[PDB]
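Novice: Below are the structure tokens for one structure; questions will follow.
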Amino acid sequence: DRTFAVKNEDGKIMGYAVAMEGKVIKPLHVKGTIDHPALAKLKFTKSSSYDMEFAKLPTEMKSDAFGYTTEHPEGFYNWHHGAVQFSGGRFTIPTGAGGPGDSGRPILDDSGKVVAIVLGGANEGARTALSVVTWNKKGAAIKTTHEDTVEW
């Protein structure tokens, strides 16, 4: 696979790292050790601004990793827990469909490319708006945070 559990000392899942475009990327707030022998002890570079940390993907894994795409037209997208809507510049899910432990999971299109990484969500009632990292065409990271975001 290309998505890895990040585990605390008791071995409980805290969040997820992904393999993407020659990097291991996980949310910075996710406390733990990636649960992969090749990934556990790499040198990570940490960016507070984007709540992101990343390491170089070990050479073994370069044909494995997800592709990223900047093409997110309005519509529906996929994640581990089901449909993610993208509309008016925001990703949303039914409230209750995501929660703590979900930080780091990718949002995917039907071809299996990453459009966004999940940081948290703000409860707006029926729907929860997702705080995420995306990248633009020049490779610049963008963090979108909504009011009263709960880190997952």
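Shown for chain A, in order and in Swiss-Prot numbering: 116-267.
The deposited model was determined using X-ray crystallography, 2.0 Å.
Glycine too: its Cβ is placed from the backbone N, Cα and C atoms.
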Novice: In Swiss-Prot, which of 142-146, 147-151, 252-256 is labelled region 'Interaction with spike glycoprotein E2'?
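Specialist: Going through 142-146, 147-151, 252-256 one by one, Swiss-Prot gives region 'Interaction with spike glycoprotein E2' for 252-256.
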Novice: Quick one: which of 160-165, 202-207, 214-219 does Swiss-Prot have down as region 'Interaction with spike glycoprotein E2'?
Specialist: 160-165
Novice: If one looks at the chain holding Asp166 (active site, charge relay system), which residues at least 6 apart in sequence have a CB under 8 angstroms from its CB?
Specialist: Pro142, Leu143, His144, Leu234, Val248, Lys258
Novice: Kindly report the helix/strand/coil residue split of the region 'Interaction with spike glycoprotein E2' (160-165) according to DSSP, in that order.
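Specialist: When I sort the residues of the region 'Interaction with spike glycoprotein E2' (160-165) into the three classes, I find 0 helix, 3 strand, 3 coil.
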Novice: Let me check the 10 A CB neighbour count of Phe191 (site 'Involved in dimerization of the capsid protein'). How many other CB atoms are there?
Specialist: 12
Novice: Check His144 (active site, charge relay system) against DSSP and tell me helix, strand or coil, would you?
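Specialist: In the DSSP reduction, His144 (active site, charge relay system) maps to coil.
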Novice: Give the number of CB atoms, excluding that of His144 (active site, charge relay system) itself, located within 10 Å of its CB.
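Specialist: Result for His144 (active site, charge relay system): 17 neighbouring Cβ atoms inside 10 Å.
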Novice: Return one of helix, strand or coil for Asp166 (active site, charge relay system), based on DSSP.
Specialist: coil
